[PDB]
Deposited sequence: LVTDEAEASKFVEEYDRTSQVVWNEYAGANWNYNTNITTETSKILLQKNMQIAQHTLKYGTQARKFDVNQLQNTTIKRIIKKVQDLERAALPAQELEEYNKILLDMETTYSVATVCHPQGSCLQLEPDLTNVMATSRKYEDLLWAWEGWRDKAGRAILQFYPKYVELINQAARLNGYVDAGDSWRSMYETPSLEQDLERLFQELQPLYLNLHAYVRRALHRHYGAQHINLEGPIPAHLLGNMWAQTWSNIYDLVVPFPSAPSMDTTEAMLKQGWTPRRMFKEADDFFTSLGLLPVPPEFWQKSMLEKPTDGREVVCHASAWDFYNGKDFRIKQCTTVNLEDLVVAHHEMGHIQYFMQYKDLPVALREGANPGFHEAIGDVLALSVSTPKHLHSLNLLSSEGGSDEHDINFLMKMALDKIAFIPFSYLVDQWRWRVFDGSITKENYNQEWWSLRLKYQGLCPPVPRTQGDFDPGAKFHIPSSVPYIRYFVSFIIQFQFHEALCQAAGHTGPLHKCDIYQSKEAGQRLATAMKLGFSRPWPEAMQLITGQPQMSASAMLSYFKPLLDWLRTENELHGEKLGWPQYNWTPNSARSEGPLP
């Protein structure tokens, strides 16, 4: 009995390595070269992996995991019993694969055109408009045009996708796809736990929101900003208003303090995408963590091809399940925002390398939020003024300190409500609370409730603004990012303590700390082998998610914001 189970998991492991490697290859070849041909081969590797999954999954279900002694084998088998989409009947599976492809392709190739003028892609053209334009109408053109072309085009697919992903979930024992996604945390209290964390971050977010609102009122005019209302969603420097640091220049706390736009210095000093990834590689090895293999530099796609290929630009990190081949696919622009993204992606690679010797079933983060957090933790240290000066991107006070904390808050704090709301919407869609008649309206009620944003153009029939955000057509869960943004501060706090930092958490730089590296490595090596609180304990010395570290980091800014907002009589929040 125990021996039949051990044999099954050995067979699953050897066979999955091969099939998954093949699938990954075909997926890569489509994502880096969208053609009718690579599309065909991919829809076919889809059948190969589904047949494997069905064969092994059917077998795994014949085991009574109740009767199994060995906890590693019990866990693998329990996981393999979940077939995901391979539980679907053939016709439904083919239909589902095709909608997924059609949605991701639609998003990745959408353009927004001036009439008898040029057509702009999201990366880089529209991204650059939203980051740099300070003209209401130009921002509006890009914000609305993107939703009209990408969002509206996804709407035709999305009800059918919901039906099929929910069907698959039920066939694997869940009540709907959102139940199956939440299950990845193995935490029955997840919903409650996440709300509590979100509530802890409200003082900070509301004070940041009010401060930024006031600054936007100063630039865009009184007739366009209601000081007691939501902020128009196209003014925050980002297509989704999910991060706000591109409007730092409008909101600087101490504009008299000498400053140097990082992005401008990178370009002035001839940085390239390769240099950006090498810098990240260097931070990892400085910690005693693993270097990316030679193969990574040969095979990765670190900038947008200029050779006529059409690609999925949206940055991602890829494991080919052979313990040797790891790659990033990103349409990298030379700027600080993408340096942070590069670190993020390099964290995923780091995780893949750390757990490469586990059985493939356990080759995941402790929970999905841990996978997202690793690269972000190193990027916190990278972003410090001291570290950017060491890279020759900054030439150099309480003034500079508050300025820095505001720059950081515009990314990290502004993202909290956005990252919370995405799957609050999708969970309700999947559980049937939001129908296709109310997709958009319910999105905007959440955008208002959590972020305090309004749409600058009233939405109409046929809009499907969630479709204009990559993870929606791509079927990538989002709550991981909310988790990540909380826990990355816990990890920074712990690692700073392990490295012997004293003084304010925000002045920590863990560059070259082997003590910090070792903490991270022990945790990453666990993969998915143990309940996530064990990885949390290895890093932090305690088992809980907690907002305390993020609050600690930002406390000097909280104080500064409260004093500033009070001085101007701001009314926090909106109706």
Item checked: Sequence ranges absent from the coordinates, based on the deposited chain and numbered from 1 -> 1-3, 400-402, 582-597
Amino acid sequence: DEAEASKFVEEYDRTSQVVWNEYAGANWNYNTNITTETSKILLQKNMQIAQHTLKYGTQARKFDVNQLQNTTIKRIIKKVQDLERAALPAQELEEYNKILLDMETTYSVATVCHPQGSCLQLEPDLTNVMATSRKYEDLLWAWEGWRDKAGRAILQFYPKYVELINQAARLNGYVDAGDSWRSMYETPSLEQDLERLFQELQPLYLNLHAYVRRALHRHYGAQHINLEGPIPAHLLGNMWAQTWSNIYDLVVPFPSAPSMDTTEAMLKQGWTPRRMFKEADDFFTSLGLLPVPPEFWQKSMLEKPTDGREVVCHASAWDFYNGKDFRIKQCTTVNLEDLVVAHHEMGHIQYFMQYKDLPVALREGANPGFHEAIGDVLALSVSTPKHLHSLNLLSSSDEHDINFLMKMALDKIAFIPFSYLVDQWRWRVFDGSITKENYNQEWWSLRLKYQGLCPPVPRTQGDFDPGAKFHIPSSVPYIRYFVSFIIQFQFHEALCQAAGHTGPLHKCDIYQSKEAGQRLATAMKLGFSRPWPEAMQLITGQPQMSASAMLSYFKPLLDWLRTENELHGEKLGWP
From here on, numbers count along this sequence of modelled residues.
Next item on the list: Could you check the entry and say whether 303-311 or 119-127 has the higher mean CA B-factor?
Entry: 303-311
Checklist line | Average Cα temperature factor in the PDB entry - higher stretch of 467-475, 104-112 | finding: 104-112
Check: Looking at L453, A177, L421, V360, which has the highest Cα B-factor in the entry?
Finding: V360
Next item on the list: In terms of CA temperature factor as recorded, identify the highest of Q269, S316, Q199, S133.
Entry: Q269
Next item on the list: Pull the Cα B-factor of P258 out of the PDB entry and bin it into the chain's lowest, middle or highest third.
Entry: highest
Note to self: Quick check for you: using the entry's CA B-factors within this chain, is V9 in the lowest, middle or highest third?
What the structure shows: highest
Margin query: Based on the deposited C-alpha B factors for this chain, I'd like to know if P230 is in the lowest, middle or highest third.
Written below: lowest
Checklist line | Chain thirds of CA B-factor: placement of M346 | finding: lowest
Notebook entry, point to check: Mind checking which third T332 falls in for C-alpha B-factor across the chain?
Noted result: middle
